[PDB]
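> My sequence and its experimental structure, below.
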2 protein chains.
Amino acid sequence: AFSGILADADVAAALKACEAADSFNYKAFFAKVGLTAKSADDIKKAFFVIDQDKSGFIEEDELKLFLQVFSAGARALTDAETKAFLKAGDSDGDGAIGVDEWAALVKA
Amino acid sequence: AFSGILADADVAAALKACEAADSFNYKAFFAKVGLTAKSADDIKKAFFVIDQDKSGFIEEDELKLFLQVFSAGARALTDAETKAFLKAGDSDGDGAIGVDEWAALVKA
Ligand SMILES: [Ca+2]
Ligand SMILES: [Ca+2]
Ligand SMILES: [Ca+2]
Ligand SMILES: [Ca+2]
């Protein structure tokens, strides 16, 4: 696509910055790709893309492949990275990230 | 699209900045949308999008609707704006902008 919510270049840069195992930080990633500066609706659209199986929730397994949703050839997040990511977003402790938790997590 | 060469937000901002008749400046527009920082291939892809009729050249009439290629609801450039734009890019004086002239015009 010629134009989209996020610029391919920013996605590439955000991905490059966290290539090393255990170098991922969601705030840094969101900042670099430009998601933090988007509208609540755009943030929600990102939620649907990450929710690969359309269960209406982002499960730990989808966090593991979080980078791939942005860049198909990206690595999988390590268990430490996925667990920290889940802990950060899972306000209600149910083991997954719902739409409002996602919106709250991105802060936009 | 979730991701693209240019970010919708940057396109919106570049368009907003030149809403007034005769306020357009191609360098400012290219800078704001992020095209100046892209690869020669990405710059060429932009060329194809502007070349609406696929003649392999950007004619004055396509410069007039330049903004619309980026944002469908945008205004048409005034004759003064289109003429200045054409003069700037048309190195060989043939009345149109070819692919190399476009690449040279964007400077990327
Ligand atoms: Ca899911
Ligand atoms: Ca939850
Ligand atoms: Ca043409
Ligand atoms: Ca020419």
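Ah, there it is. Numbering: from 1, shown residues only, chains lettered A, B, ... in the order given. Ligands and ions are numbered 1, 2, ... in the order given.
> With just CA atoms, put the strand or helix carrying residue A:104 into CSV.
Remark: residue A:104 resides in helix A:99-106, with elements defined by DSSP states H and E. Extracted C-alpha coordinates of helix A:99-106, given in CSV (Å, rounded to 0.1, in the frame of the first residue of the first chain):
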residue,chain,number,x,y,z
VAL,A,99,-9.7,-4.0,23.7
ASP,A,100,-9.8,-1.5,26.6
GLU,A,101,-6.7,-2.9,28.2
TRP,A,102,-5.0,-2.6,24.9
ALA,A,103,-6.2,1.1,24.5
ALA,A,104,-5.0,1.8,28.0
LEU,A,105,-1.6,0.0,27.3
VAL,A,106,-0.8,2.1,24.2
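> and it, what does it pack onto?
helix A:40-50, helix A:79-89 (3 or more Cβ pairs under 8 Å, 6 or more residues apart in numbering or on different chains; DSSP states H and E). C-betas here are computed from N, CA, C, even on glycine.
> can you tell which of those is closest to residue A:15?
Of all these, helix A:79-89 sits nearest to residue A:15, with 13.7 Å by Cβ to Cβ.
> List the neighbouring strands of the helix or strand following the closest one plus their orientation.
Sequence order places strand A:96-97 as the next helix or strand after helix A:79-89, per DSSP H and E. Using DSSP bridges, the strands paired with strand A:96-97 in its sheet are strand A:58-59 (antiparallel).
> Next, the residues that contact the strand it pairs with from outside, please.
Contacting residues not belonging to strand A:58-59 are listed as A:47, A:50, A:51, A:53, A:89, A:95, A:96, A:97, A:102 [Cβ atoms under 8 Å, 6 or more residues apart in numbering or on different chains].
> which residues touch the residue nearest the centre of chain A?
Centroid-nearest residue in chain A: residue A:66, 5.3 Å away (criterion: Cα atoms, centre = their mean). Listed by Cβ under 8 Å, 6+ apart, the contact partners of residue A:66 are A:50, A:77, A:85.
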